[PDB]
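The residues of the chain are indexed from 1 along the displayed sequence. Start at 1 and go down the list; that is how both ligands and their atoms are numbered.
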Amino acid sequence: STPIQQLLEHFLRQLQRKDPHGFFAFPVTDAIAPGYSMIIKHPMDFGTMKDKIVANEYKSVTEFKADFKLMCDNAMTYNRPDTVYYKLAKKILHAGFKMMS
Ligand SMILES: CNc1cnn(C)c(=O)c1Cl
């Protein structure tokens with residue numbers, strides 16, 4: 001692993017700790033979220049992020065942070081503000097960026 005891959009793995013582990021239920025661990029399926037794929041143009045999740053770190057797809061911390069923000073923004077677009085997914089996405093978006101400094 002390169003220094004960036006080691007850093008991003010550290011950030012990913014710390015971000016996933018903030019989602020103990022694993023709501024963001026895997027891609028959102030159309031079975032759980034009817035018509036999700038039709039509403040959300042660029043889906044993102046922690047699992048996909050791990051696959052991109054392993055494949056060395058992230059060339060900067062800026063790119064990784066963009067994917068994390070995407071994941072949270074998607075949940076805040078699809079879900080209504082009163083839901084657990086929306087509330088967690090908003091919470092981890094701010095906490096995650098703070099953590100990453
Ligand atoms: C499993 N997590 C889920 C399920 N449904 N929806 C709509 C979501 O946004 C998330 Cl993060």
Side-chain angles (χ1 to χ4, degrees):
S1 271
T2 61
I4 318 178
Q5 289 173 295
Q6 283 183 58
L7 176 61
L8 299 186
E9 282 283 336
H10 165 72
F11 283 167
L12 189 68
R13 279 192 296 270
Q14 295 309 301
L15 292 171
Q16 291 204 259
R17 275 179 55 186
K18 304 192 185 282
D19 171 31
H21 289 287
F23 300 137
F24 298 105
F26 303 104
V28 178
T29 67
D30 287 347
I32 293 297
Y36 188 90
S37 61
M38 288 165 71
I39 297 177
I40 299 292
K41 304 287 117 186
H42 301 110
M44 191 46 66
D45 66 277
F46 288 138
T48 303
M49 287 176 78
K50 169 73 166 156
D51 279 341
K52 291 176 77 170
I53 299 165
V54 177
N56 199 31
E57 284 197 64
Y58 295 118
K59 307 298 178 187
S60 76
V61 183
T62 302
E63 290 180 0
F64 175 87
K65 290 165 77 195
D67 266 351
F68 175 61
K69 183 161 182 292
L70 178 54
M71 188 187 83
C72 300
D73 289 351
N74 292 334
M76 284 176 66
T77 295
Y78 183 90
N79 304 289
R80 298 291 71 80
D82 78 295
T83 65
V84 295
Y85 303 134
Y86 190 104
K87 296 178 188 176
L88 185 68
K90 185 175 165 183
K91 182 176 174 185
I92 72 174
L93 177 61
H94 287 84
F97 271 75
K98 283 179 191 88
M99 183 276 283
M100 289 183 274
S101 184

Check your understanding: Do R13 and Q16 meet the criterion of a side-chain donor-acceptor pair at a distance under 3.5 Å?
Key -> no

Practice item. Return the set of residues passing side-chain contact (heavy atoms from CB on, under 4.5 Å) with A33 (not counting sequence neighbours), or none when no residue passes. Key: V28, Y36, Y78

Name the atoms and distances for all side-chain donor-acceptor pairs under 3.5 Å in residues 90-101, with sequence neighbours left out.
unit_1	atom_1	unit_2	atom_2	d
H94	ND1	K90	O	3.1

What are the atom names and distances for all N or O pairs under 3.5 Å between ligand 1 and the protein?
unit_1	atom_1	unit_2	atom_2	d
ligand 1	2 (N)	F23	O	2.9
ligand 1	9 (O)	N79	ND2	2.9

Enumerate donor-acceptor pairs with a distance under 3.5 Å from any side-chain N or O in residues 2-10 to protein atoms, sequence neighbours excluded.
unit_1	atom_1	unit_2	atom_2	d
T2	OG1	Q5	N	3.4
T2	OG1	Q5	OE1	3.1
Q5	OE1	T2	N	2.9
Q5	NE2	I53	O	2.8
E9	OE1	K50	NZ	2.9
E9	OE2	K50	NZ	2.9

Check your understanding: Checking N74 side chain against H42 main chain: does a donor-acceptor pair fall under 3.5 Å?
Key -> yes

Review point. Are any side-chain N or O atoms of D30 and backbone N or O atoms of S37, one a donor and one an acceptor, separated by less than 3.5 Å?
Key: yes

